[PDB]
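Novice: Below: one structure in structure tokens.
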Amino acid sequence: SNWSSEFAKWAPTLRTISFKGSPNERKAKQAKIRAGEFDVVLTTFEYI
DNA sequence: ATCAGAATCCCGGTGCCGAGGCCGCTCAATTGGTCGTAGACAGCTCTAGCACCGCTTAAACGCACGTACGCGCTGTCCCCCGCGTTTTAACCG
């Protein structure tokens with residue numbers, strides 16, 4: 001969320017896809033973006 | 001709670017066949033030597049086993065609740081035991 005915080009104040013207009021928490025929030029996220037529209041994905045190690 | 005009585009322990013006596021000691025008579029155990037070799041010891045390599053933490057999530061844990069079944073109780077009936085009588089096949093020689 002730090003990296004997203006510099007993705008917040010230090011620049012807008014480029015969206016972010018994070019991955020955190022239980023599988024439900026993810027189901028919302030990659031279920032919405034399943035069609036692959038986004039500027040940037042911000043993820044962490046074991047989620048790849 | 002108690003005597004009648006049937007089974008059992010206890011004690012004294014007796015007869016016997018197996019336990020225990022002896023004596024030749026081996027033949028395998030002991031000794032003395034060799035001879036080759038399995039493993040004891042030192043050394044080297046490097047693999048998997050040890051500890052630990054980060055991080056996620058399927059499983060365990062605690063709890064509320066219902067009802068399925070374990071268990072106690074009762075009645076029934078049937079079948080296996082205790083005993084007498086009779087027969088036969090085990091036993092012993």
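Residues in the structure tokens are named by chain (A, B, ... in the order shown) and by number from 1 within that chain; ligands are numbered from 1 in the order shown.
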Can you work out which residues from chain A touch chain B at a cut-off of 12 Å (counting only C-alpha atoms (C1' of nucleotides)) and hand them back as number ranges by chain?
Specialist: A: 20-23, 44-47
Novice: Just want the 7 Å neighbourhood of residue 18 (chain A), counted on only C-alpha atoms (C1' of nucleotides), with same-chain residues fewer than 2 positions away dropped. Output as a list in words.
Specialist: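 The contact residues come out as residues 16, 20, 41, 42 and 43 of chain A.
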Novice: From a DSSP pass on the backbone, collect the residues of chain A flagged as helix (DSSP H, G or I) and hand them back as a ChimeraX atom specification.
Specialist: /A:2-6,23-35
Novice: Write the residues of the selection above to a file with N, CA and C atoms, as a CSV table (one decimal), in the first residue's frame.
Specialist:
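Writing done, so here's result21.csv:
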```csv
chain,number,residue,atom,x,y,z
A,2,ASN,N,2.1,1.2,0.5
A,2,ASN,CA,3.0,2.3,0.3
A,2,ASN,C,3.2,2.6,-1.2
A,3,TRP,N,3.7,1.6,-2.0
A,3,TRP,CA,3.9,1.8,-3.4
A,3,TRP,C,2.6,2.4,-4.1
A,4,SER,N,1.4,2.0,-3.6
A,4,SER,CA,0.2,2.6,-4.1
A,4,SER,C,0.0,4.0,-3.6
A,5,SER,N,0.6,4.3,-2.4
A,5,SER,CA,0.5,5.7,-1.9
A,5,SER,C,1.4,6.6,-2.7
A,6,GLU,N,2.5,6.2,-3.2
A,6,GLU,CA,3.3,7.0,-4.1
A,6,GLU,C,2.6,6.9,-5.5
A,23,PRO,N,-9.4,-15.0,-0.8
A,23,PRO,CA,-9.7,-15.1,-2.2
A,23,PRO,C,-10.9,-14.3,-2.7
A,24,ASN,N,-11.8,-13.9,-1.8
A,24,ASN,CA,-13.0,-13.2,-2.2
A,24,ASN,C,-12.7,-11.9,-2.9
A,25,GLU,N,-12.0,-11.0,-2.2
A,25,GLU,CA,-11.6,-9.7,-2.8
A,25,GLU,C,-10.9,-9.9,-4.2
A,26,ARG,N,-10.1,-10.9,-4.3
A,26,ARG,CA,-9.5,-11.2,-5.5
A,26,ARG,C,-10.5,-11.6,-6.6
A,27,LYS,N,-11.4,-12.5,-6.2
A,27,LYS,CA,-12.5,-12.9,-7.1
A,27,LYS,C,-13.2,-11.6,-7.7
A,28,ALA,N,-13.4,-10.6,-6.8
A,28,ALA,CA,-14.0,-9.4,-7.3
A,28,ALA,C,-13.0,-8.7,-8.3
A,29,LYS,N,-11.7,-8.7,-8.0
A,29,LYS,CA,-10.7,-8.0,-8.8
A,29,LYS,C,-10.5,-8.6,-10.1
A,30,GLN,N,-9.9,-9.8,-10.2
A,30,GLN,CA,-9.7,-10.5,-11.4
A,30,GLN,C,-10.9,-11.0,-12.1
A,31,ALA,N,-12.1,-11.0,-11.3
A,31,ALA,CA,-13.3,-11.3,-12.0
A,31,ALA,C,-13.8,-10.1,-12.8
A,32,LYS,N,-13.6,-8.9,-12.3
A,32,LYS,CA,-13.9,-7.7,-13.1
A,32,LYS,C,-13.0,-7.5,-14.2
A,33,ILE,N,-11.7,-7.6,-14.0
A,33,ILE,CA,-10.6,-7.3,-14.9
A,33,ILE,C,-10.2,-8.5,-15.7
A,34,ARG,N,-11.0,-9.6,-15.6
A,34,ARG,CA,-10.8,-10.8,-16.3
A,34,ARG,C,-10.6,-10.6,-17.8
A,35,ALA,N,-11.2,-9.5,-18.4
A,35,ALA,CA,-11.0,-9.2,-19.8
A,35,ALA,C,-9.7,-8.5,-20.0
```
